[PDB]
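All values below come from the heavy atoms of this structure, side chains included, with hydrogens, waters and symmetry mates left out. Here is how names work: the chains are called A, B, and so on, in the same order as the sequence lines, proteins then strands, and each is numbered from 1.
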Amino acid sequence: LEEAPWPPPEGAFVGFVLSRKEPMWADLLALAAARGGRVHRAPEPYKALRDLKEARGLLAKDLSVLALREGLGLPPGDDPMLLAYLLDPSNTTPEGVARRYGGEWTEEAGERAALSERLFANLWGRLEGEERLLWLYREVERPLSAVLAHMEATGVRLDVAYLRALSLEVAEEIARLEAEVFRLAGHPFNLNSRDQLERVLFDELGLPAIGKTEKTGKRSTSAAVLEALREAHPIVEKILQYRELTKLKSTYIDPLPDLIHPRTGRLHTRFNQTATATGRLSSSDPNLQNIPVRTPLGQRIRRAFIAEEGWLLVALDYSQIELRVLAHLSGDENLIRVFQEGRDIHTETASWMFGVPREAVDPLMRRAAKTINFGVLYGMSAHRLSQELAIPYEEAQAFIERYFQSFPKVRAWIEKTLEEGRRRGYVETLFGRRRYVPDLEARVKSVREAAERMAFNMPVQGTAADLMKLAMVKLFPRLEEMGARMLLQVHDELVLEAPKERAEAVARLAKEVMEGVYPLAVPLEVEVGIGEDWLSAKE
DNA sequence: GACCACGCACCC
DNA sequence: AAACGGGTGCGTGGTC
Ligand SMILES: Nc1nc2c(ncn2[C@H]2C[C@H](O)[C@@H](COP(=O)(O)NP(=O)(O)OP(=O)(O)O)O2)c(=O)[nH]1
Ligand SMILES: [Mg+2]
Ligand SMILES: [Mn+2]
Ligand SMILES: [Mn+2]
């Protein structure tokens, strides 16, 4: 390309180099743009940001986030990553997309700008005639990248003093647990080393081994194995408690307070838009989509996520979303009727599991029932089911039969989906998002059936992801107009922040947007709560 | 310091 | 652990 002076004309493709991957923390080392056979390199990248009207190119959102961090409203535009991701969601990295569609991902901004321009041309050509993928690009993914940029740059408030104090309390309990484990073992060892623990449990204490690990075939010490040995030896209970506390302390309590951004005073995640095989987002650096919630200590951690003073959090979560999506995709008349009647399949399974009235189903029971319902739907074996519920094999097998017999068009839809995936090589969501699953014709049954479970899961999970993304795109401008903020997405959940005086109106509006985003054969219902912290906002 | 593979625990 | 699916992060153990 012909080198030309900064600035570029409108519409040019940008390239940029960051000191580190996280745009809220990165130094902008270099900036360039490409257009019309020319490449323009910025003499000083920070000041040069002011000259761009739009971030157009590879990883556009990340540059937008850094721009917003610097007080500049630079929206992301076209991004070849999003085109490639829609053609094939195994396209997750700029390294791979470049090699696949016509260039090389280097560490030079000018080359990244030229690469962005070339890949856009080629990928746009590949999408010619792919009208449904183009709709997803123009109506979902490209607009969503601007929404995600704002979310990332906004961040969430965290009670750091609370977590610092909690760390000290948990440390004293961990010491109690580890001392007791070492006493029971008859000697100390590194309780964090599962290789050392394996020897203690199965060689020294002679406990029965229950299962093997996947890659190396060691005797497993995982929670599922420990729970089966709960009554074999008192050390097991102490190990399980140690495992929970150290996981929670090492992954959430201790690291998160150290990640508060000095300019914003908030915690900033990344919402990765080309990272999953189904069209879901992921979250990283830190992941704010796996914050604890199930146990009492996990709930204490979730309470650390708080609203700004004068504001409230609003949490919205789709009811039984993938079961509702399944009703629409399969067209099963009975399952459609279940939700037209306002029934709750998780609560109903929980009532049966624990043998108590629906009135008596607490959140832990419903959570356990959720796992059973989706486990069974997506191919859980009768053997594992019998083991999960502590019930005879014949009973577990009968539960599965009753599950599917109730909704006969589901199995028909599954077999239709698999046959189509075999013939086409890909399955697709309601909106046409594709996942390629070539192993559907593998000659090794274990490999083939694993591919099958991946394949017929994707239209369900992926359609739910499409709906959530579309809802975010529609909701974001409404929140801006109301002075409210979108903070987090957790797959079928949004966490908003609203001024106290408008929180009720925001909750009502967001619920209506989410419920009416794209009507299905079944109503979409959204549970909504308001509170000063994330846990209290989920009722 | 970095990378990785792995087992394991976090959530939807 | 197992014929549920989709993810990320930590510590260990090994390596460079
Ligand atoms: N295959 C699979 N999918 C899962 C699992 N857990 C969650 N998902 C998928 C399927 C879920 O539909 C979706 C959202 O998870 P929730 O919001 O925690 N549960 P839901 O929306 O069903 O019920 P409600 O909100 O009324 O309590 O994520 C699981 O164990 N397995
Ligand atoms: Mg204390
Ligand atoms: Mn839900
Ligand atoms: Mn949810």
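OP1 or OP2 of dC8(B) lies within a sub-4.0 Å distance of a side-chain N or O belonging to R194(A). In this structure, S284(A) does not reach the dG7(C) phosphate: none of its side-chain N or O atoms is under 4.0 Å from OP1 or OP2. Distances shown here put every side-chain N or O of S283(A) at or beyond 4.0 Å from the OP1 or OP2 atom of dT8(C). For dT12(C), the OP1/OP2 oxygens have a side-chain nitrogen or oxygen of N190(A) closer than 4.0 Å. For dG6(C), neither phosphate oxygen OP1 nor OP2 lies less than 4.0 angstrom from any side-chain nitrogen or oxygen of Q289(A). Put simply, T216(A) has a side-chain N or O that comes within less than 4.0 Å of OP1 or OP2 on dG7(B). Taking side-chain N and O atoms only, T213(A) has no distance below 4.0 Å to OP1 or OP2 of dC8(B). The phosphate of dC4(C) (OP1 or OP2) has a side-chain N or O of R384(A) nearer than 4.0 angstrom.
When each of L313(A), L488(A), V156(A) is checked for a side chain to side chain contact (heavy atoms under 4.5 Å, CB included) with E497(A), only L313(A) meets the rule. Results of the side chain to side chain contact (heavy atoms under 4.5 Å, CB included) test with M514(A) over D317(A), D492(A), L494(A) single out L494(A) as the only residue that passes.
Here the side chain of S222(A) is nearest to one of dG5(C), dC12(B), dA1(C), namely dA1(C). Nearest nucleotide to the side chain of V225(A), out of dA1(C), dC10(C), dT8(C): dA1(C). In this structure, of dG5(C), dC12(B), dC11(B), it is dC11(B) that holds the atom nearest to the side chain of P292(A). Nearest to the side-chain atoms of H383(A) among the listed nucleotides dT12(C), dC8(B), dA1(C) stands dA1(C). With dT8(C), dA1(C), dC10(C) as the candidates, the nucleotide lying closest to the side chain of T251(A) is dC10(C). When the nucleotides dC10(C), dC11(B), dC12(B) are ranked by their closest atom to the side chain of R294(A), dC11(B) comes out on top. Closest to the side chain of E388(A), from the set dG9(C), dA2(C), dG13(C), is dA2(C). With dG6(C), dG11(C), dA3(C) as the candidates, the nucleotide lying closest to the side chain of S381(A) is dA3(C). Distance from the side chain of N287(A) is smallest for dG9(C) among the nucleotides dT12(C), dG9(C), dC11(B).
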(request) Take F399(A) and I372(A), measure what side chain to side chain contact (heavy atoms under 4.5 Å, CB included) needs, and give me the verdict at the end. (result) CA-CA 10 Å; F399(A) 179 97; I372(A) 297 298; 4.2 Å; yes

(request) Under the side-chain hydrogen bond (donor to acceptor under 3.5 Å, both in side chains) rule, what do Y378(A) and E322(A) come out as? Steps first, then yes or no, please. (result) CA-CA 11 Å; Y378(A) 295 119; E322(A) 279 189 20; 2.7 Å; yes

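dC4(B) and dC4(C): their P atoms are spaced 30 Å apart (whole Å). For the P atom pair drawn from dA3(C) and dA5(B), the interatomic distance equals 24 Å after rounding to whole Å. Distance noted for atom P between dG6(C) and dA2(B): 31 Å (whole Å).
Two residues, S220(A) and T278(A), neighbour DNA chain C, and the one matched to the more 5' nucleotide by heavy-atom proximity is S220(A). Between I210(A) and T276(A), the one whose closest nucleotide on DNA chain C sits nearer the 5' end is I210(A).
Within residues 433-457 of chain A, the residues having any heavy atom closer than 4.0 Å to DNA chain C are, in order of number, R435(A), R453(A), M454(A), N457(A). For DNA chain C, none of the residues of residues 528-539 of chain A falls under the heavy-atom distance limit of 4.0 Å.
Taking atom CG of residue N290(A) and atom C1' of nucleotide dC12(B), one finds them 10 Å apart after rounding to whole Å. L240(A) has its CG atom 8 Å from the P atom of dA9(B), to the nearest Å.
Ring pair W25(A)/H268(A): centre-to-centre distance not below 6.0 Å. Within the 6.0 Å centre-distance limit, the rings of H346(A) and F374(A) are counted as a close aromatic pair. Checked against the 6.0 Å centroid threshold, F182(A) and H187(A) do not count as a close aromatic pair.
North is the pucker assigned to the sugar of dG7(C), its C1'-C2'-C3'-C4' torsion being positive.
Side-chain atoms of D27(A) never come within 3.5 Å of backbone atoms of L29(A) as a donor-acceptor pair (strictly under, hydrogens ignored). For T274(A) (side chain) and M81(A) (main-chain N/O), no donor-acceptor pair under 3.5 Å exists by modelled atom type.
Each ring-ring contact (aromatic ring centres under 6.0 Å, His included) pair with one or both residues in residues 435-465 of chain A, not counting sequence neighbours, appears once here: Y426(A)-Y436(A).
Between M468(A) and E493(A) there is no side-chain heavy-atom pair separated by less than 4.5 Å.
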